[PDB]
Amino acid sequence: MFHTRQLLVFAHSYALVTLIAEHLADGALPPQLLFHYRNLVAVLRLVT
Amino acid sequence: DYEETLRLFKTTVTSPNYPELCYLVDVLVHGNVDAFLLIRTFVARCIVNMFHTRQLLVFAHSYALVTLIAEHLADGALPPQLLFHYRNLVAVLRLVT
């Protein structure tokens, strides 16, 4: 989806974003795609 | 100017996906020079793979490993940019002292 439509998906839900940031970091995704979700979690931490 | 290296360092140490065996190698070497020298190729492959697949440089959590990488792993055997990041860590240490 990122390659084709230039948008990251599963961003509509907290649970999927957190799970992707945690469990999908060992590889799989290119590092930038992971870093976007990681930055979203970081934004939540900053607001906290 | 060392801001780039410090930003990479902060990214690494804050990252929750820091690989575990970095702790294992660190606790196994004790910072013993001969022990590290035995495991050169392993740690070099680790740092290169972890940098390419993840935006972080490993073994940054340990002073002994950082200094050993900066000193011994400089004679080729590693892409220059990562070696310079470790050099900049050591140079920051010298500047603050």
Quick one: in the stretch A:5-32, which of the residues that are in contact with a helix residue (DSSP H, G or I) (Cβ under 6 Å, 6 or more places away or on another chain) and surrounded by 14 or more Cβ atoms within 10 Å (Cβ to Cβ) is farthest from the other protein chains (Cβ to nearest Cβ)? A:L8
Whichever residue in the stretch A:33-48 is surrounded by 15 or more Cβ atoms within 10 Å (Cβ to Cβ) and facing another protein chain (nearest Cβ under 10 Å) and, among such residues, is farthest from B:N49 (Cα to Cα): A:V41
Are there any helices (runs of 4 or more DSSP H) wholly within the stretch B:1-89 with 3 or more residues that are touching an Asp or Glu at 6+ places or on another chain (Cβ under 9 Å), in contact (Cβ under 8 Å) with a residue 24 or more places away in the chain and under 30 Å from A:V41 (Cβ atoms), and if so which? none
Residues of chain A classified as of a type in the set (V, I, T) and within 27 Å of B:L57 (Cβ to Cβ), total: 5
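Every read-out reported here was derived from the displayed coordinates using simple, explicitly stated rules and does not represent laboratory data. When we count neighbours, we look across all protein chains shown, and the Cβ atoms used for this are built from the backbone with ideal geometry, even at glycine.
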